[PDB]
């Protein structure tokens, strides 16, 4: 209840604690997780990726081979609407974010869908999102947050946004190479000390100085209050954490509650991805199937990312990311694809979102 962490302003919104729960697809950070996180006073973030899978394709107009047909159904507006409404049944009008990656067919469509669903903040990575305000202009109060890997990207994004829209980002998330999901670094760079989050954050904060000290949120490998305090002492205004929340009871992908307490460090690895960035996965499910010669058949149905070119890169790397993550959300241990931060092996007990926030904020 008593904390020395101070509330964080992002645009017109305020969160009690300077903590983001990072967005996680597919079906990992939806209404239960984000709702309870926001209820606790942190920023709950709803992933807008693969919402067609929500409640086993409850809100898709067409299904092929048990998959949402095309990007209009993979990124389902009605599903997103219901997820946000259900989250607000828990967290009321407490701020909620919507996370949507840049490298998609229909980026503006999904951003505006998130705004119309009630998002207070849009968070976008997996690319250089130089045009978020173009699609946000009808929603003046929604804060816009790019995820970056470098101070150079901060400078570029601010200059482009300022020149074109007379607006700059409301915050920046700098994500390091210990994070879950995809990495904003080449595989070889993920292991180099120059790109450790403790080295990225000071550079991004110094670059931020020139544009009015836009708040900086450090993400990737942050485990406990000590890591939070380190990042804050390096100039960050807040932190974004995901793996800790991946190990909470309120996680919307229930499989993780059984997978994480058994997870060993040697079973976490960086793999190739149809998205075109290294992805940090657990060596289980579809990965194992690929190595046995029983890889699921690949034929693009959901058209989930532009860099893949409708199955070309999926066939090259050996798996479809939409199919695998959807199967994971639907409970497929044999063929699901499972992601984790580097810290995933440190999850022993599955605890409540409430006790996690208490651990992170007490004192």
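Rigid core (definition): largest C-alpha set, two forms, superposition within 1.5 Å. Residue numbers count along the first chain shown, from 1.
A fit on the rigid core, followed by a root mean square over CA positions in 8 other deposited structures of this protein, ranks 98-106 against 142-150 and picks 98-106 as the more shifted one. Root mean square Cα distance to the shown form, taken over structures and residues in 8 other deposited structures of this protein after a core fit, is higher for 169-177 when 169-177 and 231-239 are compared. In this crystal structure, the stretch out of 241-249 and 126-134 whose C-alpha atoms carry the higher mean B factor is 126-134. Judged by mean Cα B factor in the deposited record, 100-108 ranks above the other of 227-235 and 100-108.
By the numbers in the PDB entry, the CA B factor is greatest at 214 among 214, 197, 279, 268. Considering 353, 350, 24, 342 together, the PDB entry gives 350 the largest C-alpha B factor. Sort the modelled residues of the chain by CA B factor and residue 297 lands in the highest third. Among all modelled residues in this chain, the alpha-carbon of residue 175 has a temperature factor (C-alpha) in the lowest third. In the PDB entry, a CA B factor belonging to the highest third of its chain's modelled residues is recorded for residue 139. Sort the chain's modelled residues by C-alpha temperature factor and residue 273 lands in the lowest third, per the entry. Among the modelled residues of its chain, residue 256 has a C-alpha B-factor that falls in the middle third, as given in the PDB entry.
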